[PDB]
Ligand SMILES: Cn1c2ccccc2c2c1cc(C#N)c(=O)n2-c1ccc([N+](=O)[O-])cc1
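Just the one chain here, laid out as structure tokens, in the form deposited without this ligand.
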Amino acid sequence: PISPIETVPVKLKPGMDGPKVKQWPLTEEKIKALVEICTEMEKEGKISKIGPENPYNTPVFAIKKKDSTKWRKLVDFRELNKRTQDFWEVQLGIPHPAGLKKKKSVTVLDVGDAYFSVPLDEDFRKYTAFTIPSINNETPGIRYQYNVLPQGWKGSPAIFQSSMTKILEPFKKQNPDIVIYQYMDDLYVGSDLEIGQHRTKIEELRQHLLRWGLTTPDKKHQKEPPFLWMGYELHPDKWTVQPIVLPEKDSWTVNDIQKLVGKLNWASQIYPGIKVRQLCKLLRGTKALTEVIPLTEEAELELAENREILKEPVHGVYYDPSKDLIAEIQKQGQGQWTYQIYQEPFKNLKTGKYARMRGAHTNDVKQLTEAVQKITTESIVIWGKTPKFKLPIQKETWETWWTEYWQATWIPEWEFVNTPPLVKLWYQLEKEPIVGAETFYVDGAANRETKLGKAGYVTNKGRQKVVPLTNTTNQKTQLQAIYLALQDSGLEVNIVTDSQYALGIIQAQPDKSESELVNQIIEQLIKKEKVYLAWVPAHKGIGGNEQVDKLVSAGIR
């Protein structure tokens, strides 16, 4: 049919006119094809004849269908589209299975010839005009325009979905108990009714749709959950991901690894523990897509654990609005975090992992915070509310770090849960100087054109060392100078630097960094029992900085 429903008025972009692309000459058999096809559409309203008054022409093609049985009509709209107005996005998101409510009965209906069952705005048809050529361009050729939504045009998806929504509003209203999710030309209908009263309602729906020009299946409802959708397998009861299968092969090409990594990351939504750190490390570097990569020891095992986790099927359960949401986060390895979200102890709704680095120099308390943020945001989109957290951090550790940190931080209602590794700050910086403790006045400098520096120091006990360096910046000479003060130095040491930069990194108690020096300076810090770091203005001549600065920048500067 052709739905009575009002039509969405569309227009072309401001400073533009309809399309005018010449029709490239087609072969005889093709010309026959289109003729047989259009005529067909025409007899049904989908299109109509028009004369040579319409200066708008858009190219047409035809290509064989499956096994070359019948032809198909391809209308390269590239031109009308660049000239067509912009619309409102069809879907700005996809429901996550875990956010769906459990249903008793569910069936999927699919709108046949959807785009062609909706009436294109009259004032716009004139632009969707094409032509069926004459053998070796002689005769005029047949001209046709559209009266319904062209299957390749910019606004068919938008306009179709909008219409299907107006067509459903009455029905949904009459049956608020029936949930209907519309994905493209498919309709997912679920209810808490009995398969009997369900199918009854279904027909009632097919009817309502018919009254509107939309034809729907009869016994080919495809309902019968399972439901393979968007990579998921939906059941009225639970849900899980499309079946994953790990190749299991001798040699792996870059292309193979990527696919693997892609599947495992897809599996991680419900399969707890999936790890891809080792496998992902193997893809660093511009490598041919067909290039074979040998699996390192680490990787070989990681693929094993994953292999293990995937053998037994795992399902996620559906959302119950009446219950709370609990989210527990575990620390897997370094920089890696996994989490589970459930309502009833251990019957997971969704799973996931966080590994994001987030700049160089960061510490577990900061990362845990980040995972909490991500899980929170995700939790809102899917369920509409934030969950309660069960974190592997002491209320103590958290309270202390948060209150002193420069950045403002929050974190929804949480609870400690002793699930090692527990998160902790691996060292603290004294606030008041350490009395009766050597005071290293470190410093550094480096010639910019040469790249030669002299990281050194001087103490209140006469000691004064000056090691030379090659290929270091003005910064590293200050970060290297602090590394020194930590080595030839006691268990308690006061360090006085003039590198706000160095002060910055160290002051944020990082326990892992991307800098080689910074990770070294960390071991030290974790070994001392008392470290005090202070700052003083660079080469501004101060008691101590000046002096070290002298043997630091005397020559090679």
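Numbers follow the displayed sequence, beginning with 1.
The form solved in complex with this ligand is left out here; the points below concern that form.
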For this session: Verify the flagged residues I329, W337 and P420 against this ligand in the bound PDB entry: is each one within 4.5 Å by a non-hydrogen atom?
Result: no
Exercise. So which of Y115, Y144, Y354, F124 gets a non-hydrogen atom within 4.5 Å of this ligand in the bound PDB entry?
Worked result: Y115
For this session: May I ask you to choose, among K451, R72, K287, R307, the residue with a heavy atom within 4.5 Å of this ligand in the bound PDB entry?
Result: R72
Exercise. Is there a heavy atom of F160 no more than 4.5 Å from a heavy atom of this ligand in the bound PDB entry?
Worked result: yes
Exercise. At the 4.5 Å heavy atom threshold, is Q151 in contact with this ligand in the bound PDB entry?
Worked result: yes
Exercise. Could you tell me if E302 has a non-hydrogen atom within 4.5 Å of this ligand in the bound PDB entry?
Worked result: no
